[PDB]
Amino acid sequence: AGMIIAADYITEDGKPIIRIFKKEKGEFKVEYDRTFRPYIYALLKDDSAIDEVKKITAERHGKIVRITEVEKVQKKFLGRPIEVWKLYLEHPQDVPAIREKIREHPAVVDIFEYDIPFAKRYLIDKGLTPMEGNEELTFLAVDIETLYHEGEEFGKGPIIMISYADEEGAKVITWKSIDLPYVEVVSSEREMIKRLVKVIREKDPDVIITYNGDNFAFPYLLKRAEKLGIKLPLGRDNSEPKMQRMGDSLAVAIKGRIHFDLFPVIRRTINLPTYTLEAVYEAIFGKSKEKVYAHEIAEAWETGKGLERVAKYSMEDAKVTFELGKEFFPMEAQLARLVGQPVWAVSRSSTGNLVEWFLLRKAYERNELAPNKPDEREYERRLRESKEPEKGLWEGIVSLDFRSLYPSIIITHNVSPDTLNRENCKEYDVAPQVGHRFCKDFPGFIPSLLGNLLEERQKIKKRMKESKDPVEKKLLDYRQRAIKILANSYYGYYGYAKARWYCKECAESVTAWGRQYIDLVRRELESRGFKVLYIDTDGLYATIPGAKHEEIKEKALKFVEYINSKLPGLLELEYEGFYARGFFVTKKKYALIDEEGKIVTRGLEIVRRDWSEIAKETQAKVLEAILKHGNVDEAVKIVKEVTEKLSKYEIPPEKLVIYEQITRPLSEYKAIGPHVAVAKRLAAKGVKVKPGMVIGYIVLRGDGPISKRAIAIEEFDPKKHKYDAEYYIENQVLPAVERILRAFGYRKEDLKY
């Protein structure tokens, strides 16, 4: 079978050619389409206006741009028939050149579908879905180790090891002598990079797995390949990996392949305070992994002693990256297929953007004109548009999930922006408290799609019970899971300020109808002896005060079984889990500990390089005292001792360092924060300050804002300089612990002597 893995376009004689990358019975095939044309829609005041509108012109690449053909089309907008004009263009890059010239026009009411990338336009319009079929893909995990010294410019240090892994095993390429069976010793950094290029071209993997290869491995490989005057022909068309700007960070694509970066995937899928490969591997496979820190790698490389340890670490990084990629790719592949967009894009998207891509495709299928994304003004206005947890430390906490309730509410009440407050509506549903009216006269666009999604999931689930084949059961399990994830993202999407089908009234109405079921669950739990400690639209936490843990579990499992049997249709409550202890601060700010001693928090931990070690160490100690020791008095004593130690200059300066990256040329800064004031002084000294550089600084005692009192760590002398104890107490240590301790009745002022 022919499986689409990606799509893009190339220009030939100034004209666009769509490229469809396929895997057909184990073979890479590239299909070319020259006939598909770019277009936008324009809603005109009157049909007569088209004569003036079709004559609109623009300029691109020195040459003028024209509307190639115009077509009157009948579509649906806001659940109403609408007549719009399809404005065809020669090249997709013509659209950003001419769209505002068309929008400007006095006879143009509005323009639509003017920001849809050409390759995604093609996939939607041609009814093409990526990752369909039983086609078996090949995978290769790739990792690199670099020589790093404190605060160096990105790419100054050479790549010292390159590792890769597949089903054949994990291997290391290095340019220093190491006697291990899996180590390939080459002569230079140049020859090691060329060997990675050779491995990739020979193995010809369909998927390249990395752990943060978007921001580290590939940008570094590209930087070192540039310095060394060598190419990286990793694309199946011999093109080099392409760095793309996604937000403030990067995204790397390899043409004809899927660069599958696990880092954005795992960050979305699982909840951890740190996303180190070691923490992630232990969380998924329950196995320990050793870390070899940058300073240890530098010492081993420079001394030539203890290099076997470094090569074992590099080899394991690839081996576990391969194991994790194989664990997480099947789900990303089913989400790709379900939304009808490539894995590359889907693996790097929020669920809100997954819903939008599903909706855009379904809009084309149903002849529905898509609403536009908001302008800066509308986006801000949406962000402006508008139960309390139990205090103390609780034991034996049961977690219940409400999320599978909302798709059913959207369908039954026909909650959709196209059904909201319709004029001359015969029958409508009124939302409780909020009072929004949703027309019953026709099924809304979103309710209609959701119903089909939920029906399709029930069919898959029925096929799973009636299947004797463990292979299709595995594939169908990922399919029903992908639908559940997509369906449960619709509620959130109605409220997403960047959404096309954004509807505040829809989100409130679903919250209002949802609340009746939440109040039922809360009441039925409370009559069973349960105390509800935390409730949000997503779920709740409860316990039976002073009851045995097995009894809390048994009663909770019995309770979900009971409620689901009382709730009509596909309305479903889910038992998420059990926790030995936990405390709750506010909405989505809480911390729990499971029976295996794993701490799980939401909106509290500060495990980041721009927070000093003293603040992170104290916060970890406070959480451990509370969750592992069940002792809030110990936690308060920890803070009081640390702050006194800071007052008396008893804390080592290494625990006071703040790290912040330089992201621009120094002259481009508008606000000069401490790291920039320090960076400007270094540049003045002759230091090559470049974006990517990470500035380590300590805040000293004195007058003025912190920026004037910050010193570079390399300039800090414990004899001459005195750190600002008030800054480390009030701006570092106390903010790190004050939110946690507020759950127990302490204010900032109670945490000192």
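Just count from 1 along the sequence shown to find any residue number.
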{"item": "Residues with no coordinates between residue 187 and residue 188, taken from the deposited sequence as a class", "value": "none"}
{"item": "Higher-scoring stretch by recorded Cα B factor average, 653 to 661 or 442 to 450", "value": "653 to 661"}
{"item": "463 to 471 or 219 to 227, whichever carries the higher mean Cα B-factor", "value": "463 to 471"}
{"item": "C-alpha B-factor winner, where the candidates are 326, 105, 413, 589", "value": "105"}
{"item": "Largest Cα B-factor, entry values, listed residues 207, 393, 270, 600", "value": "270"}
{"item": "Lowest, middle or highest third - CA B-factor, residue 41", "value": "lowest"}
{"item": "Third of the chain's Cα B-factor distribution that residue 379 belongs to, per the entry", "value": "highest"}
{"item": "Residue 433, C-alpha B-factor rank within chain (lowest, middle or highest third)", "value": "middle"}
{"item": "Modelled-residue ranking by C-alpha temperature factor, third containing residue 404", "value": "lowest"}
{"item": "B-factor third for the C-alpha atom of residue 303 within its chain", "value": "highest"}
